[PDB]
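Scroll down for the structure; my scribbles are underneath it.
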Amino acid sequence: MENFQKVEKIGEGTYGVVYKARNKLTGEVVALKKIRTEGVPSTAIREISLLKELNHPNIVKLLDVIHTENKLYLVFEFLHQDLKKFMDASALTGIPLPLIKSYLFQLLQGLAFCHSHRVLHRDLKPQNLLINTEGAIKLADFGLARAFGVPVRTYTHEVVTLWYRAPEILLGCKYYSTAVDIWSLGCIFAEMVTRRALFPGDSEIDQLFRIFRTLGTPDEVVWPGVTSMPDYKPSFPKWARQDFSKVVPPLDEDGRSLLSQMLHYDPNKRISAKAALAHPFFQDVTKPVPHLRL
Ligand SMILES: Cc1nc(C)c(-c2ccnc(N)n2)s1
């Protein structure tokens, strides 16, 4: 758009190309996203407009929504790096626990805020968790999923990851709750600790079975109503639950306790962001400065 000079491509997002750009009338650098063909439905417009209001220090700020020439462009606050690259860059020694705790703690704050407003992300992943040079981490593209039906394969033909998708979704539950974000965050939490994705599925069934292999195949005992779900199949293999001390060493007892609650099968039993913030694991949280090299 006229008022923006693209400086470079930051990547291919789920909803279109993302460009780092500079606003010509303010001089601020931002993250510009182009979305999508009918002319953009009113519904999408109102949902997005609502997002312009839910502001929080741990939520990437939506600066402007430009609907011109029947095209949708979203302008977001710009952050220099995502957790994905940061992790890859910290593969040798891993992200220090104090920093891991700080990041998880802030993410939960952002989630508690959005959830209190009944707004969920639905697609959390390292790629949309942005960090700055001041020890902060923020949630990006919050709420866009409900605004636009999330596709299986991006416009760039890139395969969208299922690694962080909650089991209720894999099983066909059509009414996701805020619990899906807690699950995603728990998977990411585990990944930061072990430096390896928790459930690297490459298909829905592979994703589902990897979950079943680590946490045990769910039944009516641990998850009432599981067998009545759309994609549940009595013929699912019956695996035993691995013990967490084996799944996320060397995370301490508090972390493992908290991770276990963020990973409960039953969405209703899964800990909320709010309750999570009061968990003993955060007893000694601090805000360390990351070693970022831009
Ligand atoms: C793909 C991309 N996804 C996000 C979330 C990107 C980004 C990069 C920099 N700043 C912002 N807000 N967003 S680029």
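Position 1 is the first residue of the sequence, and the numbers go up from there.
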Within this structure, what is the [atom1]-[atom2] distance for the pair [X] and [Y], rounded to the nearest 0.5 Å?
{"X": "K33", "Y": "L72", "atom1": "NZ", "atom2": "CG", "result": "13.0 Å"}
{"X": "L104", "Y": "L129", "atom1": "CG", "atom2": "CG", "result": "10.0 Å"}
{"X": "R118", "Y": "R146", "atom1": "CZ", "atom2": "CZ", "result": "11.5 Å"}
{"X": "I169", "Y": "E204", "atom1": "CD1", "atom2": "CD", "result": "10.0 Å"}
{"X": "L54", "Y": "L62", "atom1": "CG", "atom2": "CG", "result": "8.5 Å"}
{"X": "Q109", "Y": "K138", "atom1": "CD", "atom2": "NZ", "result": "12.5 Å"}

Just wondering, do [Y] and [X] contact through their side chains at under 4.5 Å, heavy atoms?
{"X": "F212", "Y": "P218", "answer": "yes"}
{"X": "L63", "Y": "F76", "answer": "no"}
{"X": "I100", "Y": "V193", "answer": "yes"}
{"X": "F189", "Y": "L251", "answer": "yes"}
{"X": "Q261", "Y": "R270", "answer": "no"}
{"X": "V247", "Y": "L198", "answer": "yes"}
{"X": "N55", "Y": "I59", "answer": "no"}

Distance-minimising heavy-atom pair for [X] and [Y]:
{"X": "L108", "Y": "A276", "value": "CD1-CB, 3.7 Å"}
{"X": "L259", "Y": "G186", "value": "CD1-O, 3.2 Å"}
{"X": "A190", "Y": "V248", "value": "CB-CG1, 3.9 Å"}
{"X": "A179", "Y": "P267", "value": "CB-O, 3.6 Å"}
{"X": "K101", "Y": "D284", "value": "NZ-OD1, 2.7 Å"}
{"X": "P249", "Y": "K246", "value": "CD-O, 3.5 Å"}

### Parallel, tilted or perpendicular: ring planes of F142 versus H121, cut at 30 and 60 degrees
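Perpendicular: the ring planes of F142 and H121 meet at over 60°.
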### Message
Filter on side chain to side chain donor-acceptor pair (under 3.5 Å), then keep only pairs touching residues 206-216, sequence neighbours left out; what's left?
### Response
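Qualifying pairs, neighbours excluded: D206-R210.
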### Task
Please collect all side chain to side chain donor-acceptor pair (under 3.5 Å) contacts where either partner lies in residues 230-243, sequence neighbours excluded, each pair once.
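Residue pairs with at least one partner in residues 230-243: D243-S245.
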When hydrophobic residues are tied together by side-chain contacts of less than 4.5 Å, even through go-betweens, does [X] share a cluster with [Y]?
{"X": "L139", "Y": "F78", "result": "no"}
{"X": "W223", "Y": "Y176", "result": "no"}
{"X": "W183", "Y": "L277", "result": "yes"}
{"X": "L120", "Y": "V150", "result": "no"}
{"X": "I66", "Y": "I45", "result": "no"}

Name every donor-acceptor pair, under 3.5 Å, that has one atom in a side chain of residues 157-165 and the other anywhere in the protein, sequence neighbours excluded.
residue: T161; atom: OG1; partner: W163; partner atom: N; Å: 3.3
residue: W163; atom: NE1; partner: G201; partner atom: O; Å: 2.8
residue: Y164; atom: OH; partner: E191; partner atom: OE1; Å: 2.5

Okay, side chain of [X], backbone of [Y]: is any donor-acceptor separation there less than 3.5 Å?
{"X": "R22", "Y": "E28", "value": "no"}
{"X": "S260", "Y": "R256", "value": "no"}
{"X": "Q81", "Y": "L130", "value": "no"}
{"X": "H279", "Y": "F281", "value": "yes"}
{"X": "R195", "Y": "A91", "value": "yes"}
{"X": "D254", "Y": "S257", "value": "no"}
{"X": "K71", "Y": "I35", "value": "yes"}
{"X": "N58", "Y": "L107", "value": "no"}
{"X": "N132", "Y": "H80", "value": "no"}

### Query
Is any side-chain N of the basic residue among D64 and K52 closer than 4.0 Å to the acidic one's carboxylate O?
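Salt bridge flag = no for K52 with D64.
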### Side-chain ion pair, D88 and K85, N-O less than 4.0 Å
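No salt bridge links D88 with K85.
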### Candidate pair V40 and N70, rule side chain to side chain contact (heavy atoms under 4.5 Å, CB included), full reasoning
CA-CA 7 Å; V40 178; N70 291 61; over 6 Å; no
Report all side-chain donor-acceptor pairs from residues 287-294 shorter than 3.5 Å, counting only partners two or more places apart or in another chain.
none

### Task
Show your reasoning for whether side chain to side chain contact (heavy atoms under 4.5 Å, CB included) applies to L32 and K20.
CA-CA 6 Å; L32 226 185; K20 177 175 188 186; over 6 Å; no
### Task
Measure centre to centre between the rings of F236 and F209, then say whether the value is under 6.0 Å.
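Yes - the distance between ring centres of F236 and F209 falls below the 6.0 Å cut-off.
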### Query
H115: what forms a ring pair (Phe, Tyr, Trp, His ring centres under 6.0 Å) with it, not counting sequence neighbours?
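Here no residue qualifies.
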### Task
Decide side chain to side chain contact (heavy atoms under 4.5 Å, CB included) for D82 and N128; before the verdict, give the C-alpha distance in whole Å, the side-chain angles of both, and the deciding distance to 0.1 Å.
CA-CA 7 Å; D82 67 45; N128 49 42; over 6 Å; no
#### Entry: Identified side-chain contact (heavy atoms from CB on, under 4.5 Å) counterpart of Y265 within the set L215, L171, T217
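With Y265 as partner, side-chain contact (heavy atoms from CB on, under 4.5 Å) holds for just one option, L215.
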### Query
Taking it one step at a time, do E77 and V30 satisfy side chain to side chain contact (heavy atoms under 4.5 Å, CB included)?
CA-CA 5 Å; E77 164 197 0; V30 306; over 6 Å; no
### Task
Might you confirm whether atom CD of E69 has over 12 heavy atoms from other residues, nucleotides or ligands at distances under 6.0 Å?
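No, the 6.0 Å shell around CD holds no more than 12 heavy atoms from other groups.
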### Query
Can you find a side-chain donor-acceptor pair between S102 and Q106 that sits under 3.5 Å?
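On atom types as modelled, these side chains qualify, holding a pair under 3.5 Å.
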Distance-only check: which donor-acceptor pairs under 3.5 Å involve side-chain atoms of residues 6-17, not counting sequence neighbours?
residue: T14; atom: OG1; partner: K125; partner atom: NZ; Å: 3.3
residue: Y15; atom: OH; partner: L144; partner atom: O; Å: 3.4
residue: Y15; atom: OH; partner: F148; partner atom: O; Å: 2.7

